[PDB]
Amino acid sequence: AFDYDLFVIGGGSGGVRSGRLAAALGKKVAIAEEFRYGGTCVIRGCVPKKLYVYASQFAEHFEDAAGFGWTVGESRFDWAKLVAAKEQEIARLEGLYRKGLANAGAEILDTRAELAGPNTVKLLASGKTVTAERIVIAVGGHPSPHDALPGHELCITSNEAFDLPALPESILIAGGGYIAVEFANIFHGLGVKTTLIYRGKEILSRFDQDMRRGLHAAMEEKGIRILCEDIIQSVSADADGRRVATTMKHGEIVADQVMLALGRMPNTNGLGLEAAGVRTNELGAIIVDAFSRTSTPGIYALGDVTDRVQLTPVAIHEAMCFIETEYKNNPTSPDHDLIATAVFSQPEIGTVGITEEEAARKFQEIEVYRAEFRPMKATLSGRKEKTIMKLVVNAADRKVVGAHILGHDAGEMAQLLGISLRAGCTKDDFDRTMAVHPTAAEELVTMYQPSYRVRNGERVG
């Protein structure tokens, strides 16, 4: 017999659910975590991200207010007071996540943990060796290095973007991902002069053309300079502690901060992955099968470390299906079909299903239903914003193969359309659905005619 039935590496979303449910079953479990319990999402991901999105939004609320008869007093924003607030809440969350593990009977450990033998775990903080039947590696990722670019040391990442000395007067953000455009709309909302720089032609490349192009237009219209098809050569400092970033095509740009949000990578360098026999791809990610099992027998991998789909509910699903398979005697493969997602840009993006371009490659007759309108609030607020609602439909079986929303509450809507596309509902099901008035979502249940068609890769209408 070994020291533990289960040893979990990484106390993030996937690991905690793994370690906790297993303990809850009366298994002797141990979990290690080198930073703080709760992992990225809680500590420097979704939670603070969204809290800061809320903080940035209040500025728009104040202006909209005017249109409804409110005269609003002067408003001051204190960056420090937000970081203070955020800090307390993330301490709070971490507290409870730690307690869940202590309750379920699991033994909790503060250290970095590494693989030694085939089922042996090297513990750094105490320098001991432990053995386990199963080892779960829920280790996650970290912001990409870009060390080859001079001056990277001066730049920041999501890791410190939340905990800065001060709100900058101006910022440069690099990349076109969901993390990049989130922060741009966060800082802009908070009065920071915001600029966005990106390698690709259109931001958010893997999203639908209308989302990519619509978010662009609104961000520019609201005053975020976006330089597409461009790059930083170097970052250096002026005599002021400010940052000077050299571009290829848009000269040089002087900002308080430079933020690098070009991708993420898995925490695998020197984890012991050749030393345990754990096959890793060129991206650096852990290759696992339908049961989250690695090349080595007793070793499992789940979460961002596997570089499949890198979101929180995915780590959690895999943790659960792991426990079902390994303990509850009920084999189950985690599902990655039809995941709905959200981007907390202003305005929001909610998407589920496949893109127009992707649907156009996949099927031979596709129908596009597209709504674009001034939200009702805007009518009186005086804001220039438009909500775009796009449904992509396969003409053969009338299925909705993709749903894309740009506008208020789009994230919440994404979730619920998730269920509708999951159960393979038809454009007809939408049409038979009675409208709820007044809402935005009623635009999805009344577009009886297609905006246009696509046949053999060609738009027709």
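One rule holds for the numbers: they count along the sequence shown, beginning at 1.
- Looking at 187-195 and 245-253 together, the entry lists the larger mean B-factor for 245-253, computed on C-alpha atoms.
- Legend: mean Cα B-factor per stretch from the PDB entry, 336-344 versus 108-116; the higher mean is in 108-116.
- When the C-alpha B-factors of 279, 212, 390, 317 are ranked from the entry, the top spot goes to 279.
- Residues shown: 382, 375, 353, 151. Highest C-alpha temperature factor in the entry: 151.
- Ranked by Cα temperature factor within the chain, residue 102 sits in the highest third according to the deposited record.
- When all modelled residues of the chain are sorted by CA temperature factor, residue 313 is found within the lowest third.
- Sort the modelled residues of the chain by CA B factor and residue 174 lands in the highest third.
- Residue 82: CA B factor in the middle third of modelled residues in this chain (values from the PDB entry).
- Among the modelled residues of the chain, residue 228 sits in the highest third by CA temperature factor in this PDB entry.
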